C-alpha cells in the first residue's frame, strides 16, 4: 500500500526509511530546484533575445547543466523534463562539465555557452594542479535552449597564461562593459570574460580576457585585473570574510540606484575558498559568498580596486552565486514594468558541500536548492549621523556626501532584495497581522495567530532605544515552534549580528546523523539616523521567508542570511515575539502572509 509517514508521531533514524519516502518532507514550493536529485552551482542564465524568456541553469547530479525558463520571473518551466542540456563525455570534457555562461546573441545569433570543460580530476586549490585539467570550450543551442551542442573543435581557451601555476582556472563569466571599452580602446560592446581562481604561493585572482575576433574563437589576455595576497582580507575580516585561498564563480556587472546600468558602478560577486591553518588536503572549510564594489583604472594594464565589500548571503551553505543582466525588454520585465536588472541566484548546498555525513539523502531523493532570485542595485542610506559607526573603513559601505549643518552623511552600499515579481507572488497568499508591542522583560510571547503551515513570509520592524547600543540585548522571533521544536532568529547588538539559533529546530537531528544544528550568523550595522531632528538607532526592517525547510532572512534591503530549518512535527508552525530582557524593544505591527505560491505549476511534485 504505502510506507506510512505521520508527522505527529516521533521520527525514526531517517536513514532507515525507504528510498524516496522523505521526498516532500522538507521540499520547498517557491524555489528553483530540479524535479529531483542534486543541484549544484547555478550558471548558464540568459535572456533569449528572440522570445524574451529568461533561462536559468544549474549543475545537476554532478553530470552537466540543467535548465528552466520563466516568462514572469516568478514561476518556471523545466527544459527536457529536467534532464541536462549539456553533459560530460566529449573530447574536451571527458571527465566533467563545470560552470559556464552564455552570450545570448552569439554564433549564428544563437545562445553561445562558454564553459569549463574538465579532463582530469582531482582539482583543488590545496594540491598541485594537473596541467590541462580545466579548459574553456564553446557550445551553441539551436533548439531554444534545451540542448547546447558542443562545437566540434578543441577548447577556445586551452589553459592559463604561459607557465602560470594556477590553483584553479574555471567558471568563465561573459559580460559587456563600456567603461572597460573606453579604458582598453576595445571595440564597442566587446565581450569580456573573467575566469576565476588564483596562483599558488601568490593568492586568489580573476583573470580577465576580451574577445579578439567576432567568432569568439580567440580570447586576448588582459591580466589579473583583480588579485589579492593568499588569505588576505577586506579590512580586518569583520565585514567581508576573507579573500582566502581561491576565488570561484566570479560575476562582473555594473549598477545604478534602479538596477543594471552599463555605465554604472562596477561590482563583482565571488565565492572564496577558506581554510584554517594548517590546510587539510582537498578540504575547503569556509565557503564565503561575497560582493565587492570597486573602481577600475588603467596603468598599462587594467585594475579593479575594491572600495567596499560584504556578503551576498551570510549562510554557511550559501555559495556560488550566478547572476545575469535581465533587460527591461524581457517578458518578465515587460509585465512588471521593471528597468534593466541584474538578477542573482545564490546556491544553498543541501549537504554542507558534501561534508554532511549520514544525511538521509536516498530518503529525500533531492539535495540543495537555489535561493530566491535577488535584484542587485546601488542602495543609498540617507540622514545617517556622521559618527564613528558611519565612518568605519574596510566595511560594507562608503560615505558619498555629507551635510555639516545637519551633522549627517549619505551612505552607499549594495542593495539586495527579492526580485519584485517573486516577492509579489510570495505574498499572494492570505495575509493577517499581529499587533505591535513593546517588550522589556525576558521571554517568548506567543502570537495571537500563527500560520498553520510551514510556508510563509513574516515582516516586521524592530526599534531599539539608544541604550541598546553595545549592550547584551537579543530580540527577534521564535518560529516553527511546538513543544518539541523551535527556531529563533534574533538581532544581537553585542556583535551587531543577526543570528539563527538552530539548536532546537529539528527533532530529526536527535535521531539521525548529518542534520546540521549549528548557529548561523551575519553582521548587520544599524547606524544612528536623524529624522524630524531626532537622532535614533535605525529601524530593523526584517523579512523572513520560510519555504518548508528553506529559511531566507532579509534586512533593510542590504542583508541576506539563508539556511536549512528542517523541522519534523506537523505542529511546529507557531510564532512568538522573543526578547532576552536586556533593555527594551518595540515591535511594529507584524505581517504574516501564508501559503507562498507554486514556482513549478507544470510539475505535480
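Residue numbers count along the first chain shown, from 1.
- Query: Given the B-factors recorded for C-alpha atoms, which segment has the greater mean, 34-42 or 49-57?
  - Reply: That would be 49-57.
- May I ask you to compare 578-586 and 592-600 by their mean CA B factor in the entry and name the higher one? On average, C-alpha B-factors are higher across 578-586.
- Check the PDB entry and point out which of 114, 372, 409, 289 has the largest C-alpha temperature factor. Max CA B-factor in the entry, restricted to 114, 372, 409, 289: 409.
- Message: In terms of recorded Cα temperature factor, pick the maximum from 322, 390, 163, 419.
- Response: Reading the PDB entry, the winner on C-alpha B-factor is 390.
- Chain thirds of CA B-factor: placement of residue 262: Middle third, going by the recorded CA B-factors of the chain.
- For residue 175, the third of its chain into which the C-alpha B factor falls: Lowest third, going by the recorded CA B-factors of the chain.
- Item | CA B-factor ranking of residue 307, expressed as a third of its chain | Its C-alpha B-factor belongs to the highest third of this chain's values.
- Message: Split into thirds by Cα B-factor across the chain's modelled residues, where does residue 249 land: lowest, middle or highest?
- Response: Lowest third, going by the recorded CA B-factors of the chain.
- Compared with the other modelled residues in the chain, in which third is the CA B-factor of residue 200? Within its chain, residue 200 is a middle-third residue by C-alpha B-factor, going by the deposited values.
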